[PDB]
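> If you scroll down you'll find the structure; I have some questions about it.
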Amino acid sequence: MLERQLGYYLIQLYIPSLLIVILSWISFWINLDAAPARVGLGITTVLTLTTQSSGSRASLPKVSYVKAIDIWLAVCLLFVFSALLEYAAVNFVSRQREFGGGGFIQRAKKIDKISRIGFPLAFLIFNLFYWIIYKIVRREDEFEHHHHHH
Amino acid sequence: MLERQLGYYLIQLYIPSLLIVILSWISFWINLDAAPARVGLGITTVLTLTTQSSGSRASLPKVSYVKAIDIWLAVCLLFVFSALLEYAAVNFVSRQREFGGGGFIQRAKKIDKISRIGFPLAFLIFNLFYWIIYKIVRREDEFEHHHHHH
Amino acid sequence: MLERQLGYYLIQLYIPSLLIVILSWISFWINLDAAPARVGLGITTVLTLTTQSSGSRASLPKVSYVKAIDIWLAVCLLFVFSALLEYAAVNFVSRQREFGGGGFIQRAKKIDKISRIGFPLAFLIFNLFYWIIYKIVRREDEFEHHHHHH
Amino acid sequence: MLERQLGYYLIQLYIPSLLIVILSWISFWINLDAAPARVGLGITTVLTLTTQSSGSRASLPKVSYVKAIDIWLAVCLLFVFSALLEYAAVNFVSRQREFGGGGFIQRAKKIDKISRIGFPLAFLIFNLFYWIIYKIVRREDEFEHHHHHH
Amino acid sequence: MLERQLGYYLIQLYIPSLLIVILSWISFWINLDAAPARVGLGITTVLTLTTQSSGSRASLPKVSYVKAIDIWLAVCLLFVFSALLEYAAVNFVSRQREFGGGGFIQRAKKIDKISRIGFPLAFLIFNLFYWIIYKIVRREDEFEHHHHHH
């Protein structure tokens with residue numbers, strides 16, 4: 001009868017599950033070709049760590065399933081959507097999307113322009129799951145004491 | 001009891017399962033050799049996402065199995081049939097199938113001629129499963145209101 | 001109760017399982033090093049497609065097991081025996097097994113001499129499982145009407 | 001009944017599980033790019049060897065679970081934390097973290113400066129699990145007879 | 001119970017399991033970097049072929065487990081111990097363990113000096129499991145008739 005009391009174990013378990021995820025991308029900028037083997041393990045570890053995190057079925061994850069489906073129906077399509085954009089952009093270079101193909105062969109230099117979106121992407125998620133976790137427990141923001149601005 | 005009522009969950013679940021599939025090929029172009037590691041994960045994710053999508057067996061997927069077998073007995077043989085054609089064409093270049101082997105070493109340029117079949121291949125499938133889903137529910141096209149041209 | 005009646009499902013299921021296998025080798029000549037990632041997935045897909053094809057245990061695959069063991073005790077040792085011969089031959093070049101090491105560095109040309117054994121290897125298996133399937137059902141060749149020469 | 005008596009099987013089982021882990025890093029140096037395929041198997045073998053080491057559930061690993069959670073909530077986040085630092089440092093070279101980018105292209109030389117942290121990292125863990133195992137059984141250090149210094 | 005009568009199925013099953021293992025190393029030479037993907041599948045196939053060879057639990061593998069543990073507690077630590085030595089030796093070249101680093105870049109030649117230990121390593125194991133299998137059944141060597149020398 002602890003179906004609704006599962007979120008508690010998902011919160012403390014999400015902390016580490018998210019931290020390891022942020023580092024994954026930090027190493028994806030290189031695994032893009034140098035060693036994509038790690039990228040394939042990290043992406044499968046996140047979906048395998050969550051699916052196995054509810055195998056006991058002793059806490060009645062049923063309820064936590066439906067609710068998790070409303071959120072899982074976008075996080076997986078968006079998480080692999082940004083990864084492919086780059087995993088396919090390398091070859092899309094010929095598209096000349098830029099203002100000139102003068103730096104075509106000079107692209108291997110790796111200006112690390114990929115960390116410009118990932119960096120702010122990890123902080124946004126970490127703060128999106130941290131504020132949402134302490135918010136849901138309130139619903140009407142009774143003890144939120146977070147912003148209180150608006 | 002809800003064996004025939006499973007198609008509903010397969011429809012909304014197919015949307016995301018198909019979208020991620022289309023993007024897979026878009027990257028398969030470069031993954032052809034640059035990083036085929038991703039191509040191997042995406043191809044196994046589609047067959048693993050469907051087989052696991054009916055593990056509960058609470059909706060009695062039995063009926064949905066037989067019907068799914070009549071369609072699964074071609075989609076898997078055709079999906080991996082086109083992928084191999086290219087995965088083996090790279091070395092088939094020596095065959096000189098073209099009108100001349102003058103551009104043998106100039107083939108690495110990657111003219112992106114592979115996106116000429118994939119692009120229209122994704123739209124055909126997306127529209128083939130979208131029109132078929134809203135059609136099957138009718139059988140005799142009672143509320144189809146799709147073409148009505150005939 | 002349908003233990004001996006399983007061969008029927010194995011026949012129609014072997015057709016597609018064999019077709020996809022033949023194509024695997026056709027792409028192995030290149031995956032030998034260019035992208036062996038696919039070769040590892042195709043080889044594991046055949047053994048995983050059969051082992052999972054009898055997970056229901058509703059047709060009593062028991063009987064079909066002992067009989068499948070007499071044949072499985074050679075097809076797996078021979079299937080991976082020919083693959084290794086080539087997967088290890090590349091480095092065996094130094095052996096100078098040929099009539100001269102003059103074409104050592106000129107071996108990368110890939111004369112496609114590997115398709116000389118694979119081609120006839122796929123047709124032999126396809127015809128070996130097709131004639132054996134329609135033969136076993138007879139035992140004494142009552143309605144064979146295949147050769148009738150001898 | 002033997003939930004608290006599981007540590008015994010975990011101790012003798014940890015010896016070999018730790019030894020194989022130390023060797024993993026020793027090879028991770030070259031696997032960093034030369035062949036990261038092995039690094040991905042060794043990292044998944046440690047988490048798969050432990051999770052499967054308690055599948056019997058005949059010794060009531062329940063109790064051993066909670067206690068293992070207090071330690072597993074850092075060993076996995078720290079083990080993959082150091083691996084990524086290097087798996088992403090290769091490309092971080094452009095950061096010029098050093099005192100000069102003069103040896104940028106001369107970095108491939110592989111001075112083996114990575115074995116300076118791994119070596120002492122394996123001995124620290126081996127001695128951390130060896131002294132902790134013989135210590136926990138005491139709690140108050142009754143028969144420790146290890147240091148007895150201060 | 002046929003717990004002690006399991007060794008019979010393990011003997012005839014070990015023959016093929018060992019043969020495929022010997023060939024694995026023969027290819028590991030080139031797979032050391034050229035295509036280590038196969039080496040990772042062969043090493044996981046041996047541990048996966050044995051663990052799954054006792055999934056039925058109908059023959060009461062319990063007894064065969066304890067006895068198998070006394071031998072499995074060294075074969076796995078020694079099998080992966082020799083593989084790592086080479087998988088990490090490539091980078092250990094800088095160690096100058098040899099009598100001179102004059103042939104540093106001339107090491108890629110691949111003198112096939114690795115087959116000097118593997119060859120005799122496969123024959124030793126094949127004869128170690130063949131003589132031990134026909135010996136255990138005797139215990140006191142009643143019908144051994146193998147050596148009878150001294």
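Residue numbering restarts at 1 in every chain; chains get A, B, ... in the order shown in the structure tokens, and ligands count up from 1 in that same order.
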Extract, using only C-alpha atoms, all DNA, RNA and protein residues at most 7 Å from residue 88 (chain E), discarding same-chain residues fewer than 4 positions from it, and format them as a list in words.
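Within the cut-off, the hits are residues 26, 27 and 30 of chain D; 84 and 92 of chain E.
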> Take the residues from that selection and put them in a file with C-alpha atoms, as a PDB file, in the first residue's frame.

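Writing done, so here's selection-v1.pdb:
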ATOM      1  CA  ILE D  26      45.479  -1.330 -15.648  1.00  0.00           C
ATOM      2  CA  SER D  27      44.133  -1.954 -19.150  1.00  0.00           C
ATOM      3  CA  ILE D  30      45.037   1.812 -23.512  1.00  0.00           C
TER       4      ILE D  30
ATOM      5  CA  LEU E  84      44.507  -8.466 -19.576  1.00  0.00           C
ATOM      6  CA  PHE E  92      53.318  -1.335 -21.427  1.00  0.00           C
TER       7      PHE E  92
END
> List the neighbours of residue 129 (chain E) out to 9 Å using only C-alpha atoms; skip same-chain residues closer than 3 positions along the sequence, and give me the result as a PyMOL selection string.
chain E and resi 11+14-15+124-126+132-134
> Would you output that residue set with N, CA, C and O atoms, as a PDB file, in the first residue's frame?

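What landed in again-v9.pdb:
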ATOM      1  N   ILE E  11      30.089 -32.869 -19.141  1.00  0.00           N
ATOM      2  CA  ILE E  11      31.234 -33.399 -19.869  1.00  0.00           C
ATOM      3  C   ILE E  11      31.040 -33.258 -21.376  1.00  0.00           C
ATOM      4  O   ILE E  11      31.869 -32.666 -22.065  1.00  0.00           O
ATOM      5  N   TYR E  14      30.931 -29.725 -22.253  1.00  0.00           N
ATOM      6  CA  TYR E  14      32.195 -29.017 -22.088  1.00  0.00           C
ATOM      7  C   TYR E  14      33.062 -29.152 -23.336  1.00  0.00           C
ATOM      8  O   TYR E  14      33.840 -28.255 -23.664  1.00  0.00           O
ATOM      9  N   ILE E  15      32.924 -30.279 -24.025  1.00  0.00           N
ATOM     10  CA  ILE E  15      33.692 -30.532 -25.239  1.00  0.00           C
ATOM     11  C   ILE E  15      33.573 -29.369 -26.216  1.00  0.00           C
ATOM     12  O   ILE E  15      34.565 -28.759 -26.617  1.00  0.00           O
ATOM     13  N   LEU E 124      46.623 -28.071 -23.045  1.00  0.00           N
ATOM     14  CA  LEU E 124      46.765 -28.392 -21.629  1.00  0.00           C
ATOM     15  C   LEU E 124      45.403 -28.448 -20.945  1.00  0.00           C
ATOM     16  O   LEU E 124      45.156 -29.310 -20.101  1.00  0.00           O
ATOM     17  N   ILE E 125      44.521 -27.526 -21.317  1.00  0.00           N
ATOM     18  CA  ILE E 125      43.183 -27.473 -20.742  1.00  0.00           C
ATOM     19  C   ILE E 125      42.316 -28.618 -21.260  1.00  0.00           C
ATOM     20  O   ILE E 125      41.600 -29.262 -20.494  1.00  0.00           O
ATOM     21  N   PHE E 126      42.390 -28.864 -22.563  1.00  0.00           N
ATOM     22  CA  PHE E 126      41.614 -29.932 -23.185  1.00  0.00           C
ATOM     23  C   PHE E 126      41.987 -31.289 -22.596  1.00  0.00           C
ATOM     24  O   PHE E 126      41.132 -32.155 -22.415  1.00  0.00           O
ATOM     25  N   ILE E 132      40.726 -35.557 -16.291  1.00  0.00           N
ATOM     26  CA  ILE E 132      40.103 -35.335 -14.993  1.00  0.00           C
ATOM     27  C   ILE E 132      38.672 -35.863 -14.972  1.00  0.00           C
ATOM     28  O   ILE E 132      38.176 -36.303 -13.934  1.00  0.00           O
ATOM     29  N   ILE E 133      38.014 -35.820 -16.127  1.00  0.00           N
ATOM     30  CA  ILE E 133      36.643 -36.297 -16.242  1.00  0.00           C
ATOM     31  C   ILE E 133      36.579 -37.817 -16.143  1.00  0.00           C
ATOM     32  O   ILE E 133      35.695 -38.371 -15.487  1.00  0.00           O
ATOM     33  N   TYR E 134      37.522 -38.487 -16.795  1.00  0.00           N
ATOM     34  CA  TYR E 134      37.574 -39.944 -16.782  1.00  0.00           C
ATOM     35  C   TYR E 134      38.257 -40.453 -15.516  1.00  0.00           C
ATOM     36  O   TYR E 134      38.270 -41.653 -15.243  1.00  0.00           O
TER      37      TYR E 134
END
> Taking a cut-off of 10 Å and counting only C-alpha atoms, can you build a table that, for each residue of chain C near chain B, reports the nearest atom pair and how far apart they are in Å (one decimal), sorted by chain then residue number, as a tab-separated table?

residue	atom	partner	partner_atom	distance
C:12	CA	B:73	CA	9.7
C:13	CA	B:73	CA	8.8
C:16	CA	B:77	CA	6.8
C:17	CA	B:77	CA	8.8
C:19	CA	B:77	CA	8.0
C:20	CA	B:77	CA	6.7
C:23	CA	B:84	CA	7.0
C:24	CA	B:84	CA	7.6
C:25	CA	B:88	CA	9.4
C:26	CA	B:88	CA	6.6
C:27	CA	B:88	CA	4.5
C:28	CA	B:88	CA	7.8
C:29	CA	B:88	CA	7.9
C:30	CA	B:91	CA	6.1
C:31	CA	B:87	CA	8.2
C:33	CA	B:33	CA	9.7
C:34	CA	B:33	CA	6.3
C:35	CA	B:33	CA	5.8
C:36	CA	B:36	CA	9.0
C:37	CA	B:37	CA	6.5
C:38	CA	B:40	CA	6.6
C:40	CA	B:40	CA	9.5
C:41	CA	B:40	CA	7.3
C:42	CA	B:40	CA	9.9
C:45	CA	B:44	CA	9.6
C:109	CA	B:94	CA	8.9
C:110	CA	B:91	CA	8.0
C:111	CA	B:94	CA	8.1
C:112	CA	B:91	CA	8.5
> What would the file look like if the residues just selected were written as an mmCIF file, in the first residue's frame with C-alpha atoms?

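Written file, part-v7.cif:
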data_model
loop_
_atom_site.group_PDB
_atom_site.id
_atom_site.type_symbol
_atom_site.label_atom_id
_atom_site.label_comp_id
_atom_site.auth_asym_id
_atom_site.auth_seq_id
_atom_site.Cartn_x
_atom_site.Cartn_y
_atom_site.Cartn_z
ATOM 1 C CA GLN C 12 7.829 -21.239 -40.910
ATOM 2 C CA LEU C 13 9.966 -19.486 -38.297
ATOM 3 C CA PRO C 16 12.985 -15.790 -41.917
ATOM 4 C CA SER C 17 15.607 -16.840 -39.369
ATOM 5 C CA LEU C 19 17.189 -15.483 -44.667
ATOM 6 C CA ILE C 20 18.473 -12.893 -42.196
ATOM 7 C CA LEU C 23 22.578 -11.612 -45.382
ATOM 8 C CA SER C 24 24.686 -11.426 -42.222
ATOM 9 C CA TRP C 25 27.656 -13.086 -43.920
ATOM 10 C CA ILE C 26 27.148 -10.942 -47.019
ATOM 11 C CA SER C 27 27.945 -8.000 -44.744
ATOM 12 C CA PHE C 28 30.576 -9.821 -42.689
ATOM 13 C CA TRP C 29 33.134 -9.588 -45.493
ATOM 14 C CA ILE C 30 33.288 -5.888 -44.631
ATOM 15 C CA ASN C 31 32.428 -5.946 -40.926
ATOM 16 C CA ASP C 33 37.157 -4.851 -39.338
ATOM 17 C CA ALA C 34 35.306 -1.908 -40.880
ATOM 18 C CA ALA C 35 32.339 -2.527 -38.584
ATOM 19 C CA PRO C 36 32.381 -5.892 -36.760
ATOM 20 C CA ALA C 37 29.738 -4.458 -34.434
ATOM 21 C CA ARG C 38 26.993 -5.681 -36.765
ATOM 22 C CA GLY C 40 28.389 -9.527 -33.307
ATOM 23 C CA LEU C 41 24.710 -8.589 -33.243
ATOM 24 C CA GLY C 42 23.699 -10.884 -36.087
ATOM 25 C CA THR C 45 20.451 -12.608 -32.821
ATOM 26 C CA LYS C 109 42.086 -4.553 -52.135
ATOM 27 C CA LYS C 110 39.433 -7.075 -51.095
ATOM 28 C CA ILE C 111 38.993 -9.305 -54.143
ATOM 29 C CA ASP C 112 35.753 -10.495 -52.546
#
> Per DSSP on the backbone, what are the alpha helix (DSSP H) residues of chain C, as a PyMOL selection string?
chain C and resi 7-31+36-51+62-87+89-92+115-136
> For residue 4 (chain C), find every residue with an atom within 9 Å (counting only C-alpha atoms), except residues of its own chain fewer than 5 positions away, and show them as a PyMOL selection string.
chain C and resi 59-61+63-64
> Could you pull the residues within 12 Å of residue 65 (chain E), counting only C-alpha atoms, minus those fewer than 2 positions along the same chain, as a ChimeraX atom specification?
/E:3-4,6-7,10,50-51,54-55,57,59-63,67-73
> Let's have the selection written as a PDB file, in the first residue's frame, with N, CA, C and O atoms.

ATOM      1  N   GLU E   3      21.478 -34.777  -9.027  1.00  0.00           N
ATOM      2  CA  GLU E   3      22.431 -33.702  -8.784  1.00  0.00           C
ATOM      3  C   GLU E   3      23.854 -34.154  -9.097  1.00  0.00           C
ATOM      4  O   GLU E   3      24.620 -33.433  -9.735  1.00  0.00           O
ATOM      5  N   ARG E   4      24.201 -35.354  -8.641  1.00  0.00           N
ATOM      6  CA  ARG E   4      25.531 -35.903  -8.870  1.00  0.00           C
ATOM      7  C   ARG E   4      25.639 -36.502 -10.269  1.00  0.00           C
ATOM      8  O   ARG E   4      26.731 -36.831 -10.731  1.00  0.00           O
ATOM      9  N   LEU E   6      24.817 -34.887 -12.917  1.00  0.00           N
ATOM     10  CA  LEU E   6      24.850 -33.742 -13.822  1.00  0.00           C
ATOM     11  C   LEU E   6      26.187 -33.664 -14.551  1.00  0.00           C
ATOM     12  O   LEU E   6      26.258 -33.199 -15.689  1.00  0.00           O
ATOM     13  N   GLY E   7      27.245 -34.121 -13.890  1.00  0.00           N
ATOM     14  CA  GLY E   7      28.564 -34.095 -14.492  1.00  0.00           C
ATOM     15  C   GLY E   7      28.583 -34.714 -15.875  1.00  0.00           C
ATOM     16  O   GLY E   7      29.389 -34.331 -16.724  1.00  0.00           O
ATOM     17  N   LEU E  10      27.614 -32.200 -18.282  1.00  0.00           N
ATOM     18  CA  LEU E  10      28.620 -31.143 -18.278  1.00  0.00           C
ATOM     19  C   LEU E  10      29.854 -31.563 -19.070  1.00  0.00           C
ATOM     20  O   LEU E  10      30.574 -30.721 -19.607  1.00  0.00           O
ATOM     21  N   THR E  50      27.483 -21.444 -19.719  1.00  0.00           N
ATOM     22  CA  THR E  50      27.530 -22.330 -18.563  1.00  0.00           C
ATOM     23  C   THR E  50      26.433 -21.983 -17.563  1.00  0.00           C
ATOM     24  O   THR E  50      25.762 -22.867 -17.030  1.00  0.00           O
ATOM     25  N   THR E  51      26.257 -20.690 -17.309  1.00  0.00           N
ATOM     26  CA  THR E  51      25.241 -20.227 -16.371  1.00  0.00           C
ATOM     27  C   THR E  51      23.841 -20.572 -16.863  1.00  0.00           C
ATOM     28  O   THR E  51      22.935 -20.812 -16.064  1.00  0.00           O
ATOM     29  N   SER E  54      22.513 -24.508 -16.814  1.00  0.00           N
ATOM     30  CA  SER E  54      21.959 -25.050 -15.578  1.00  0.00           C
ATOM     31  C   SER E  54      20.772 -24.217 -15.104  1.00  0.00           C
ATOM     32  O   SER E  54      20.579 -24.018 -13.906  1.00  0.00           O
ATOM     33  N   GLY E  55      19.979 -23.732 -16.055  1.00  0.00           N
ATOM     34  CA  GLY E  55      18.821 -22.925 -15.716  1.00  0.00           C
ATOM     35  C   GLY E  55      17.593 -23.768 -15.430  1.00  0.00           C
ATOM     36  O   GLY E  55      16.705 -23.351 -14.686  1.00  0.00           O
ATOM     37  N   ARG E  57      17.341 -26.422 -13.673  1.00  0.00           N
ATOM     38  CA  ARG E  57      17.307 -26.760 -12.255  1.00  0.00           C
ATOM     39  C   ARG E  57      16.489 -28.027 -12.018  1.00  0.00           C
ATOM     40  O   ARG E  57      16.048 -28.293 -10.900  1.00  0.00           O
ATOM     41  N   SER E  59      17.731 -31.043 -12.741  1.00  0.00           N
ATOM     42  CA  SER E  59      18.690 -32.080 -12.379  1.00  0.00           C
ATOM     43  C   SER E  59      19.331 -31.780 -11.028  1.00  0.00           C
ATOM     44  O   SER E  59      20.255 -32.473 -10.597  1.00  0.00           O
ATOM     45  N   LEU E  60      18.835 -30.744 -10.361  1.00  0.00           N
ATOM     46  CA  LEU E  60      19.356 -30.352  -9.058  1.00  0.00           C
ATOM     47  C   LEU E  60      20.841 -30.014  -9.144  1.00  0.00           C
ATOM     48  O   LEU E  60      21.696 -30.721  -8.610  1.00  0.00           O
ATOM     49  N   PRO E  61      21.158 -28.907  -9.832  1.00  0.00           N
ATOM     50  CA  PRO E  61      22.541 -28.450 -10.004  1.00  0.00           C
ATOM     51  C   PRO E  61      23.145 -27.932  -8.703  1.00  0.00           C
ATOM     52  O   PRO E  61      24.322 -27.576  -8.652  1.00  0.00           O
ATOM     53  N   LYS E  62      22.332 -27.894  -7.652  1.00  0.00           N
ATOM     54  CA  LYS E  62      22.787 -27.422  -6.349  1.00  0.00           C
ATOM     55  C   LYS E  62      24.126 -28.052  -5.980  1.00  0.00           C
ATOM     56  O   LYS E  62      25.119 -27.351  -5.787  1.00  0.00           O
ATOM     57  N   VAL E  63      24.145 -29.377  -5.884  1.00  0.00           N
ATOM     58  CA  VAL E  63      25.363 -30.101  -5.540  1.00  0.00           C
ATOM     59  C   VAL E  63      26.489 -29.777  -6.516  1.00  0.00           C
ATOM     60  O   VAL E  63      27.636 -29.585  -6.113  1.00  0.00           O
ATOM     61  N   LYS E  67      30.660 -27.805  -5.779  1.00  0.00           N
ATOM     62  CA  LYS E  67      31.847 -28.407  -6.373  1.00  0.00           C
ATOM     63  C   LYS E  67      32.390 -27.537  -7.503  1.00  0.00           C
ATOM     64  O   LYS E  67      33.602 -27.425  -7.684  1.00  0.00           O
ATOM     65  N   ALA E  68      31.486 -26.926  -8.259  1.00  0.00           N
ATOM     66  CA  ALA E  68      31.874 -26.063  -9.369  1.00  0.00           C
ATOM     67  C   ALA E  68      32.439 -24.739  -8.865  1.00  0.00           C
ATOM     68  O   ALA E  68      33.154 -24.044  -9.586  1.00  0.00           O
ATOM     69  N   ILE E  69      32.114 -24.398  -7.621  1.00  0.00           N
ATOM     70  CA  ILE E  69      32.590 -23.157  -7.022  1.00  0.00           C
ATOM     71  C   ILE E  69      34.062 -23.263  -6.634  1.00  0.00           C
ATOM     72  O   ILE E  69      34.800 -22.281  -6.690  1.00  0.00           O
ATOM     73  N   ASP E  70      34.478 -24.463  -6.241  1.00  0.00           N
ATOM     74  CA  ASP E  70      35.862 -24.699  -5.846  1.00  0.00           C
ATOM     75  C   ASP E  70      36.794 -24.603  -7.049  1.00  0.00           C
ATOM     76  O   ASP E  70      37.987 -24.337  -6.902  1.00  0.00           O
ATOM     77  N   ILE E  71      36.243 -24.824  -8.237  1.00  0.00           N
ATOM     78  CA  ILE E  71      37.026 -24.763  -9.466  1.00  0.00           C
ATOM     79  C   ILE E  71      36.803 -23.443 -10.194  1.00  0.00           C
ATOM     80  O   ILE E  71      37.701 -22.934 -10.866  1.00  0.00           O
ATOM     81  N   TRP E  72      35.603 -22.891 -10.056  1.00  0.00           N
ATOM     82  CA  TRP E  72      35.263 -21.628 -10.700  1.00  0.00           C
ATOM     83  C   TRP E  72      35.946 -20.460 -10.000  1.00  0.00           C
ATOM     84  O   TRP E  72      35.987 -19.345 -10.525  1.00  0.00           O
ATOM     85  N   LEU E  73      36.483 -20.718  -8.813  1.00  0.00           N
ATOM     86  CA  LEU E  73      37.166 -19.686  -8.040  1.00  0.00           C
ATOM     87  C   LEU E  73      38.652 -19.647  -8.379  1.00  0.00           C
ATOM     88  O   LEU E  73      39.501 -19.603  -7.490  1.00  0.00           O
TER      89      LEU E  73
END
